[PDB]
Amino acid sequence: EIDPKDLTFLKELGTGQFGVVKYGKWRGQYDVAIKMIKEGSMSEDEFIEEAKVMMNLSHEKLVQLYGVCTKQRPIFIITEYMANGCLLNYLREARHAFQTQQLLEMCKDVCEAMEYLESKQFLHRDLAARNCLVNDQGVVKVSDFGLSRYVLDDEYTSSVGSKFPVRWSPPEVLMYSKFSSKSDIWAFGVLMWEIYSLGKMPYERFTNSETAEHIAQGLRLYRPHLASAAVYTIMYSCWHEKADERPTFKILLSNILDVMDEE
Ligand SMILES: CCN1CCN(c2ccc(Nc3cc(-c4cccc(-n5ccc6cc(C7CC7)cc(F)c6c5=O)c4CO)cn(C)c3=O)nc2)CC1
């Protein structure tokens, strides 16, 4: 529970699923991002009850939750601040002129954070490049893991909603609402595709509806030009028809480390 007197608001960072997010300072020292939870957007009591668990998720490659301000409205969520923002926009800036080793390192950063979440049996449920952030050192961290459960907007939480992450979802999620560790694995494979394609929309010439059909017929994202056969094999393994044949994040990490040493 952070005291709001210890917070100063400095600049707007943007708008997310819970409304505005600001950059600011905590205890006049520490850079923070501060979510200002838009009223009616969030199942607040549920989030408050379970913010403990999330506060104990602590990994270098997770965007760290520092605290909450819940004795007021709107409530605040205070996190680690990531200078370079959103990985999706970072990818799309041609000026970075990334080496492929840098692209694989971005995959590795994310895999580390997901391997940690997996060990804690904690699902992200919305893993994608838009939900990763980049710090001042070019480190990628996984953001907003687990917060999908508190979203009140039906366009977001429904499979058929205009905001649902259809393109990052396995067939069993879309057809049956079968969520598991393997549905995060699927999304992680799509995320690797986003990275190696420098931020293209997955299934860029299909709608959400056509994408659901395409993947239910056993068809998949093509190899991005920048991806080697071995990088392609890693992402593609994430999209096995049978969820139980997809790798774990621990396996994916050893595969990424292998390609790194090899290529
Ligand atoms: C004038 C240019 N500005 C300065 C440069 N630039 C910039 C630089 C740094 C940053 N850095 C940062 C931006 C955000 C941020 C800002 C606004 C919205 C969201 N966001 C996005 C999606 C989202 C999805 C869910 C789904 C699961 C339900 C739940 C959510 F809560 C959110 C959410 O809040 C975030 C990301 O948290 C968070 N953190 C920590 C940063 O460090 N952001 C932007 C862009 C803006």
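One is the number of the first residue shown, and numbering goes on along the chain from there.
So this one's X-ray crystallography, 2.0 Å, going by the header.
Here the Cβ of each residue, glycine as well, is placed from N, Cα and C on the backbone.
Within the list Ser158, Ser209, the entry that Swiss-Prot describes as phosphoserine is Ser209. Of the residues proposed, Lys35, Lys52, the one Swiss-Prot records at the same ATP site as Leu13, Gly14, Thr15, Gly16, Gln17, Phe18, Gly19, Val20, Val21 is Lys35.
Per Swiss-Prot, the residue annotated phosphoserine among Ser228, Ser254 is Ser228. Close to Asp126 (active site, proton acceptor), meaning Cα to Cα within 10 A, are none of the recorded positions out of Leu13, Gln17, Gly19, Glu80, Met82, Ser228. The separation of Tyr156 (phosphotyrosine) from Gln17 (ATP binding site), Cα to Cα, is 9 Å.
Here the motif 'CAV1-binding' (186-193) is broken down by DSSP into helix, strand and coil counts: 8 helix, 0 strand, 0 coil.
In this structure the alpha carbons, written CA, of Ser228 (phosphoserine) and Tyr222 (phosphotyrosine) are 12 Å apart.
In this structure, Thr15 is the one among the recorded positions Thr15, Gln17, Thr79, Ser228 with the smallest number of other Cβ atoms inside 10 Å of its Cβ.
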